[PDB]
Amino acid sequence: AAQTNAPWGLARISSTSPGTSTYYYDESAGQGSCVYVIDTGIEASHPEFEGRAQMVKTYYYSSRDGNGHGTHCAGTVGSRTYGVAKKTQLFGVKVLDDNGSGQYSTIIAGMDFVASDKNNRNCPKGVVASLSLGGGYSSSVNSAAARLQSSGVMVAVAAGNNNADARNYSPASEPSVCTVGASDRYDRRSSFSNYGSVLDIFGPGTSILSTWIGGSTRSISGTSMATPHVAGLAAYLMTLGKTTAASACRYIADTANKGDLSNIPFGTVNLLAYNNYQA
């Protein structure tokens, strides 16, 4: 399949080269997989989600996304125009209030929620969790993400937007999950992107166009917007049978565009997510 005039990030993840604008992907499109978006919620009613997005859990008075960040990430995972996996199922777990903040205990409860809730969903092609969130190092947050990974969920977490080593951030410093940095359209490390040996992969993170609340769209930047590309890519790859939840991050790193990013600090992987689709 070919989506002309796609957001640059979608075109990048199916290209060996920057600077193109068509997204190429197998039409299976993550059908039969599920991605949990653990964030500020999802505006499920957005026409871009086509009835495929639903809120399954909130820890606050409402389950609606009063922020837009969760809606944006969910749109990059699987919206029809801005999504990597245009046929996946999207499950919203609102662990972040409408200011985008959340206590670690609520975040930890949301991760354990997903690790049990996936047994209530039909995800024959596999389960992914996208965590476009993070704070200071927490062994308890790291262990919650490690449990979620261990439960049979692909966990993808933002590396963080501090332009620092991600070892001091959680869940980015949990080694068993898939820690994602951000790159821009010129194949530069995003200036804000964390780095370090804990990173597994880079995805498009600078000026990412996706869904926004109020049924709108907007372009925003962050490792939190590179993570739903990798999360969406994993659901896509799992639906294609090329990998499993336990090995998705390793697989994505094996098949990534190698050594194509600039301003990647020594000791950090130079790997850019790539669906490796041959039309």
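Because only heavy atoms are used, hydrogens play no part in the values below, and waters and symmetry mates are left out as well, while side chains stay in. The chain is numbered in sequence order, starting from 1.
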Tell me whether [X] at atom [atom1] has more than 12 heavy atoms from other residues, nucleotides or ligands lying less than 6.0 Å away.
| X | atom1 | answer |
| --- | --- | --- |
| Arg167 | CZ | no |
| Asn119 | CG | yes |
| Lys242 | NZ | no |
| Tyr59 | OH | yes |
| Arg250 | CZ | no |
| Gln103 | CD | no |
| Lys118 | NZ | yes |

For [X] and [Y], which I'm curious about, is there any donor-acceptor pair between the side chains at under 3.5 Å?
| X | Y | answer |
| --- | --- | --- |
| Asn142 | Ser173 | yes |
| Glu174 | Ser176 | yes |
| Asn99 | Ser101 | no |
| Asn270 | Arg189 | no |
| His69 | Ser224 | yes |
| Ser132 | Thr227 | no |

Run the salt bridge (charged side-chain N to carboxylate O under 4.0 Å, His left out) test on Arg12 and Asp187 for me, step by step, so that the C-alpha distance in whole Å, both residues' side-chain angles and the decisive distance to 0.1 Å come before the verdict. CA-CA 9 Å; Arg12 191 70 194 85; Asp187 278 359; 2.7 Å; yes
Contact check, side chains of [X] and [Y], non-hydrogen atoms, under 4.5 Å:
| X | Y | value |
| --- | --- | --- |
| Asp98 | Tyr61 | yes |
| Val230 | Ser130 | no |
| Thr16 | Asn257 | yes |
| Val95 | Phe113 | no |
| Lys87 | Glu27 | no |
| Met154 | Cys178 | yes |
| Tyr25 | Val84 | no |

Would you say [X]'s side chain and [Y]'s backbone share a donor-acceptor pair under 3.5 angstrom?
| X | Y | answer |
| --- | --- | --- |
| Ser150 | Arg147 | no |
| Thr239 | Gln31 | yes |
| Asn275 | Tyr277 | yes |

Which heavy atom in [X] sits nearest to a heavy atom in [Y], and how many Å separate them?
| X | Y | result |
| --- | --- | --- |
| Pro171 | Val177 | O-CG2, 4.1 Å |
| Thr22 | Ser14 | O-OG, 3.8 Å |
| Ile201 | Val269 | N-CG2, 3.9 Å |
| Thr40 | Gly70 | OG1-N, 2.8 Å |
| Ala172 | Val157 | CA-CG2, 3.7 Å |
| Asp39 | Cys73 | OD2-SG, 4.0 Å |

Going through the distances and angles, do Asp65 and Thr71 end up as a side-chain hydrogen bond (donor to acceptor under 3.5 Å, both in side chains)? CA-CA 7 Å; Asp65 181 10; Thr71 288; 2.8 Å; yes
Only counting residues at least two apart or in another chain, list the ones meeting salt bridge (charged side-chain N to carboxylate O under 4.0 Å, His left out) with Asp184.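 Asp184 satisfies salt bridge (charged side-chain N to carboxylate O under 4.0 Å, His left out) with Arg188 only.
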Using the six-membered ring wherever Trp is involved, compare the ring planes of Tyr36 and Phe91 and label them parallel, tilted or perpendicular (cut-offs 30° and 60°).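 Plane angle between 30° and 60°, so tilted.
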